[PDB]
Amino acid sequence: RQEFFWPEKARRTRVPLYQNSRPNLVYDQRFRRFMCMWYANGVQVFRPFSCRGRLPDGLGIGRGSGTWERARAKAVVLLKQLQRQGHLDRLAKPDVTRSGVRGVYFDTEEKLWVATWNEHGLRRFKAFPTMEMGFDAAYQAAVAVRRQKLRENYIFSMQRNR
Amino acid sequence: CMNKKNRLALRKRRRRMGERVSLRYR
Amino acid sequence: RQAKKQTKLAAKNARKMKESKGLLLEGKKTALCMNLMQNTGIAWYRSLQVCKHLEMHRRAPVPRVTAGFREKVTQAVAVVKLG
Amino acid sequence: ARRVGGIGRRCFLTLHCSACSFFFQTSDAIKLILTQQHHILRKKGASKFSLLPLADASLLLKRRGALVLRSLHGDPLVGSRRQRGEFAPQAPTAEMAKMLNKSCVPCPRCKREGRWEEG
Amino acid sequence: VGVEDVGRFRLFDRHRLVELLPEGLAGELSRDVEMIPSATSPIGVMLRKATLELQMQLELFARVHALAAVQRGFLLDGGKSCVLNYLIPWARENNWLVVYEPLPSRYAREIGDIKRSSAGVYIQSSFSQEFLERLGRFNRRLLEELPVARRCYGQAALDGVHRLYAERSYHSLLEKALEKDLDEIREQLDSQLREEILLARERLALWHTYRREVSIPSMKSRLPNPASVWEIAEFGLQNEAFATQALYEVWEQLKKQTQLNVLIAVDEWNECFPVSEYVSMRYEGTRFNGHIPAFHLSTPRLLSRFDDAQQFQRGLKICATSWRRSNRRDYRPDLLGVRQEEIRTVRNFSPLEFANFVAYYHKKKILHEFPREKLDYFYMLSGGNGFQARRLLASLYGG
RNA sequence: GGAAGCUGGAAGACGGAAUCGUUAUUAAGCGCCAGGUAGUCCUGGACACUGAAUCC
RNA sequence: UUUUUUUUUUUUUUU
RNA sequence: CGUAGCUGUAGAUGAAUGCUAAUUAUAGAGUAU
RNA sequence: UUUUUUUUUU
């Protein structure tokens, strides 16, 4: 379920997964499928919804309707089920990697906190130092940059178990 | 034009000139 | 390994036993055109050619078997098989 | 997406007619002239009468008839592998239009003399 | 209501809308209504400016019948189908006989039956029954009360072809029959003038008798003396033979007499001319690759004639094409039947109307959070198009 | 020798083991022709677009 | 452009 | 220009493209099943 | 991945 397959004959997209305001929600553009992200025990699991084509003649709501809006309608109804019942809502005690969150790595030549991220093909480096702020203040600021920049471009990053 | 890349190019090229060639296999 | 050639040879002989009929209407798929391709000497091309004289939709489900319907279908196959 | 004619909706295989409204590809041109052979022969006025059997409507749909039509039609769109870049095939309707107009073949829509044109 | 109220949404009851539109919603509105989580929420339709100009014409047309009013159909070219969701329900509420058909192509790209005939028009017995069954769901209580004329009794063939046009197909067969039979009188000079004229006179006498004995049209003998137009229940009983003859009989009946105002609306009219999914042996070499043109069928041909709108003394027709089922391209309007003075070319939604559309979705709990700061930012992204606005906001949280 | 129609029951879903190395418009895909003085390659030369990740 | 259009993009050039 | 976006088919357990009674093109000559 | 036209339908 945590495999990021890349078809050989397909159009490459800069942002395969689109992040939404709702925490437990994510849109996939590669397969035009709607998925929900939640932590379960320890790992990220999703519920892919079919969007392909194939009945009552009253109204085109529910049942066998092969419409692109069916997936969206099936996701909103499922979201309230988890919150109302309170089955699985709990924080991600599963860690990302050694260097805190994904995409952050320590410097080898000296004490620094690098946070690389792409934006319209460009990228940033340097970030904030570590010797001038210690191992606590500098670490806190390193994570704050990634979360703040991802809310503007609507970029979703898959969390790996290792 | 021995492989599937170069050989299929000829069929696709003729499709843009006002002809219809079956595509299907190869 | 070598016994597979002889074992699969029985499948070819089974086709002769299923012969002697105008056309094997029975099939696996719902579409009449797709089922008609199961016969020997017919493929995606000849399958559509036979249906041209039937004056029916491409994906038309096979209708009920009739004595008079078999004669028309069998006659069209011979014309198409000529090439 | 996969339309026929490309972005500019090219059409290098059809010929228009001055009279009426009807167009057909070069594939059907060969069959039309062969079928209407009685009118052409009588217009001018054995070795000369060699294609008489080919005038049959049912013979063209047989295995023998299918090969005769393909032999005359050489598929001008197909050429050598080195014909790349600026050396690309052009519309062959220029030659077909001349023969179709000189032979004085009637149009299926309306019986008329040479009225075909490139288009 | 009026010029002051433009671009507003009118609430509609869920139960009342279904009864008024038994067939279904007009256009792709069914995809947008299912997104609302609330089941008891009403349905709203925007009142575009294009509807105000069309609604006023209908008001004057009704008052005249009680050469100033229009006597021809219109055409929407370019949100053309959005107005249908508001013009049809309103007209039906004013005691108007409206023919609803949002999906006319369903009878041309589905499982059916075709039987070739001498008239050259293919019929569909399976689809012929569904046309009348769906039309009588809401238009009842009026067809039965309407009388039936006596001047148009039974002059239609089995395939709906007229008697005059159907008998013309046999002209070639009868032409050769008389030529061979003329030898009896040809072989018995006298003035060289009267002898030839007398021989020719025999052809006229034989032709008149031959055109009235060989042909035996079916004059709906099942119903000798009708009393109304809705009392034709024998059509629903028999489907193998009497399926298309009754379909055309009602169509012709609704032109001659004038008792009530009528209206016909055919949506997605741009997919009736292109080829159908059927296969036959009527191709002109390579024109169709062995396919039956959609306009060559029975049902599609009935709704593929705009030049006949003049015969509609009761009402008029209307059509619109906005979907992407086929590229419009040039879309010649002169060689189709409509004129350049009867085409309503709508444009993209104005900024004023765009704001209302976004606010409408908020009341329905569709979006999560739509800040006012980015309200105008999204206008340039989708360009204000309705199709690009609903899809863009649906995929993302919106705003 | 190249390509195409028709026909189609040639041998393959084995292995998460192991050997060839990439210093980011790198890697991975897809598309075009210039020369080889008639045709005549899956290699070599040469241009352009989508273009992710890691502790190197 | 409210009688205007009816639409994907390349490897030399408006000196 | 190709994978486009978009949009119909079967949300393929069955898409492997070689074998050949037979023709298309270059060349003086590439033929026989 | 495929559009009508030179006229004989109340």
# chains A, B, ... in the order shown; residues from 1 in each chain; ligands from 1
>>> residues_around(residues="residue 4 in chain G", least_positions_apart="4", cutoff="12 Å", atoms="only C-alpha atoms (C1' of nucleotides)", output="PyMOL selection string")
chain E and resi 78+345+347
>>> interface_residues(of="chain D", to="chain C", cutoff="8 Å", atoms="only C-alpha atoms", output="PyMOL selection string")
chain D and resi 61-63+66
>>> interface_residues(of="chain F", to="chain B", cutoff="9 Å", atoms="only C-alpha atoms (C1' of nucleotides)", output="list in words")
residues 2, 3, 41 and 42 of chain F
>>> closest_atom_pairs(of="chain F", to="chain D", cutoff="10 Å", atoms="only C-alpha atoms (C1' of nucleotides)", output="Markdown table")
| residue | atom | partner | partner_atom | distance |
| --- | --- | --- | --- | --- |
| F:2 | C1' | D:81 | CA | 8.6 |
| F:3 | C1' | D:78 | CA | 8.5 |
| F:4 | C1' | D:78 | CA | 9.9 |
| F:5 | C1' | D:70 | CA | 9.9 |
| F:32 | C1' | D:85 | CA | 8.6 |
| F:33 | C1' | D:85 | CA | 6.5 |
| F:34 | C1' | D:85 | CA | 9.9 |
| F:39 | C1' | D:80 | CA | 7.8 |
| F:40 | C1' | D:81 | CA | 9.9 |
>>> write_last_selection(atoms="N, CA, C and O atoms (P, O5', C5', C4', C3', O3' and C1' of nucleotides)", output="PDB file, in the first residue's frame")
ATOM      1  P     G F   2      14.825  -7.539 -44.025  1.00  0.00           P
ATOM      2  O5'   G F   2      14.135  -6.117 -44.286  1.00  0.00           O
ATOM      3  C5'   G F   2      14.630  -4.943 -43.674  1.00  0.00           C
ATOM      4  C4'   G F   2      13.857  -3.705 -44.124  1.00  0.00           C
ATOM      5  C3'   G F   2      12.370  -3.772 -43.798  1.00  0.00           C
ATOM      6  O3'   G F   2      12.063  -3.444 -42.454  1.00  0.00           O
ATOM      7  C1'   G F   2      12.692  -3.080 -46.027  1.00  0.00           C
ATOM      8  P     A F   3      11.009  -4.334 -41.628  1.00  0.00           P
ATOM      9  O5'   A F   3       9.585  -3.759 -42.097  1.00  0.00           O
ATOM     10  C5'   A F   3       9.196  -2.443 -41.760  1.00  0.00           C
ATOM     11  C4'   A F   3       8.132  -1.916 -42.718  1.00  0.00           C
ATOM     12  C3'   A F   3       6.793  -2.643 -42.623  1.00  0.00           C
ATOM     13  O3'   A F   3       5.965  -2.158 -41.576  1.00  0.00           O
ATOM     14  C1'   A F   3       7.467  -2.427 -44.886  1.00  0.00           C
ATOM     15  P     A F   4       4.989  -3.164 -40.794  1.00  0.00           P
ATOM     16  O5'   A F   4       3.769  -3.356 -41.812  1.00  0.00           O
ATOM     17  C5'   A F   4       2.868  -2.295 -42.074  1.00  0.00           C
ATOM     18  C4'   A F   4       1.944  -2.646 -43.237  1.00  0.00           C
ATOM     19  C3'   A F   4       0.997  -3.808 -42.955  1.00  0.00           C
ATOM     20  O3'   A F   4      -0.156  -3.412 -42.224  1.00  0.00           O
ATOM     21  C1'   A F   4       2.032  -4.057 -45.083  1.00  0.00           C
ATOM     22  P     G F   5      -0.908  -4.446 -41.249  1.00  0.00           P
ATOM     23  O5'   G F   5      -1.884  -5.234 -42.250  1.00  0.00           O
ATOM     24  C5'   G F   5      -3.076  -4.631 -42.719  1.00  0.00           C
ATOM     25  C4'   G F   5      -3.766  -5.518 -43.754  1.00  0.00           C
ATOM     26  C3'   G F   5      -4.277  -6.849 -43.200  1.00  0.00           C
ATOM     27  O3'   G F   5      -5.568  -6.708 -42.621  1.00  0.00           O
ATOM     28  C1'   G F   5      -3.147  -7.150 -45.286  1.00  0.00           C
ATOM     29  P     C F  32       9.615   9.798 -34.560  1.00  0.00           P
ATOM     30  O5'   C F  32      10.509  11.065 -34.952  1.00  0.00           O
ATOM     31  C5'   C F  32       9.981  12.142 -35.696  1.00  0.00           C
ATOM     32  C4'   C F  32      11.054  13.193 -35.992  1.00  0.00           C
ATOM     33  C3'   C F  32      12.227  12.633 -36.789  1.00  0.00           C
ATOM     34  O3'   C F  32      11.951  12.597 -38.180  1.00  0.00           O
ATOM     35  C1'   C F  32      12.977  13.960 -34.951  1.00  0.00           C
ATOM     36  P     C F  33      12.773  11.622 -39.145  1.00  0.00           P
ATOM     37  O5'   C F  33      14.037  12.493 -39.615  1.00  0.00           O
ATOM     38  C5'   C F  33      13.885  13.824 -40.079  1.00  0.00           C
ATOM     39  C4'   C F  33      15.209  14.590 -40.006  1.00  0.00           C
ATOM     40  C3'   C F  33      16.263  14.072 -40.990  1.00  0.00           C
ATOM     41  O3'   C F  33      17.041  15.170 -41.449  1.00  0.00           O
ATOM     42  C1'   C F  33      17.045  13.860 -38.781  1.00  0.00           C
ATOM     43  P     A F  34      17.583  15.214 -42.959  1.00  0.00           P
ATOM     44  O5'   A F  34      19.177  15.165 -42.797  1.00  0.00           O
ATOM     45  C5'   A F  34      19.939  16.357 -42.716  1.00  0.00           C
ATOM     46  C4'   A F  34      21.360  16.078 -42.227  1.00  0.00           C
ATOM     47  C3'   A F  34      22.114  15.033 -43.043  1.00  0.00           C
ATOM     48  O3'   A F  34      22.698  15.543 -44.227  1.00  0.00           O
ATOM     49  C1'   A F  34      22.360  14.622 -40.712  1.00  0.00           C
ATOM     50  P     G F  39      19.403   5.297 -51.406  1.00  0.00           P
ATOM     51  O5'   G F  39      18.655   3.913 -51.079  1.00  0.00           O
ATOM     52  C5'   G F  39      17.246   3.835 -51.132  1.00  0.00           C
ATOM     53  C4'   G F  39      16.735   2.399 -51.026  1.00  0.00           C
ATOM     54  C3'   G F  39      16.957   1.719 -49.675  1.00  0.00           C
ATOM     55  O3'   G F  39      16.009   2.084 -48.676  1.00  0.00           O
ATOM     56  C1'   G F  39      17.601   0.292 -51.467  1.00  0.00           C
ATOM     57  P     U F  40      15.555   1.071 -47.511  1.00  0.00           P
ATOM     58  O5'   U F  40      16.896   0.283 -47.122  1.00  0.00           O
ATOM     59  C5'   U F  40      16.829  -1.037 -46.609  1.00  0.00           C
ATOM     60  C4'   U F  40      18.199  -1.571 -46.191  1.00  0.00           C
ATOM     61  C3'   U F  40      18.888  -0.705 -45.142  1.00  0.00           C
ATOM     62  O3'   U F  40      18.461  -0.937 -43.809  1.00  0.00           O
ATOM     63  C1'   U F  40      20.405  -1.319 -46.864  1.00  0.00           C
TER      64        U F  40
END
>>> residues_around(residues="range 201-208 of chain E", least_positions_apart="6", cutoff="10 Å", atoms="only C-alpha atoms (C1' of nucleotides)", output="VMD selection string")
chain E and resid 174 to 175 178 to 179 182 185 to 186
>>> residues_around(residues="range 15-26 of chain C", least_positions_apart="3", cutoff="12 Å", atoms="only C-alpha atoms (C1' of nucleotides)", output="PyMOL selection string")
chain C and resi 8-12+29-40+42+50+61-78
>>> residues_around(residues="residue 342 in chain E", least_positions_apart="6", cutoff="8 Å", atoms="only C-alpha atoms (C1' of nucleotides)", output="MDAnalysis selection string")
chainID E and resid 73:75
>>> closest_atom_pairs(of="chain G", to="chain E", cutoff="10 Å", atoms="only C-alpha atoms (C1' of nucleotides)", output="Markdown table")
| residue | atom | partner | partner_atom | distance |
| --- | --- | --- | --- | --- |
| G:2 | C1' | E:346 | CA | 8.0 |
| G:3 | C1' | E:340 | CA | 8.8 |
| G:5 | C1' | E:78 | CA | 9.8 |
| G:6 | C1' | E:329 | CA | 5.9 |
| G:7 | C1' | E:329 | CA | 9.1 |
>>> select_by_dssp(residues="range 33-237 of chain E", states="strand (DSSP E)", output="list in words")
residues 43, 44, 45, 46, 74, 75, 76, 77, 97, 98, 99, 100 and 101 of chain E
>>> select_by_dssp(residues="chain D", states="helix (DSSP H, G or I)", output="JSON, numbers by chain")
{"D": [26, 27, 28, 29, 30, 31, 32, 33, 34, 35, 37, 38, 39, 40, 41, 42, 43, 44, 53, 54, 55, 57, 58, 59, 60, 63, 64, 65, 66, 67, 68, 69, 70, 71, 72, 93, 94, 95, 96, 97, 98, 99, 100, 101, 102]}
>>> residues_around(residues="residue 59 in chain D", least_positions_apart="4", cutoff="12 Å", atoms="only C-alpha atoms (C1' of nucleotides)", output="list in words")
residues 79, 82 and 83 of chain C; 31, 34, 35, 52, 53, 54, 55, 63, 64, 65, 66, 67, 68 and 69 of chain D
>>> atom_distance(atom1="CA of residue 278 in chain E", atom2="CA of residue 107 in chain E")
11.4 Å
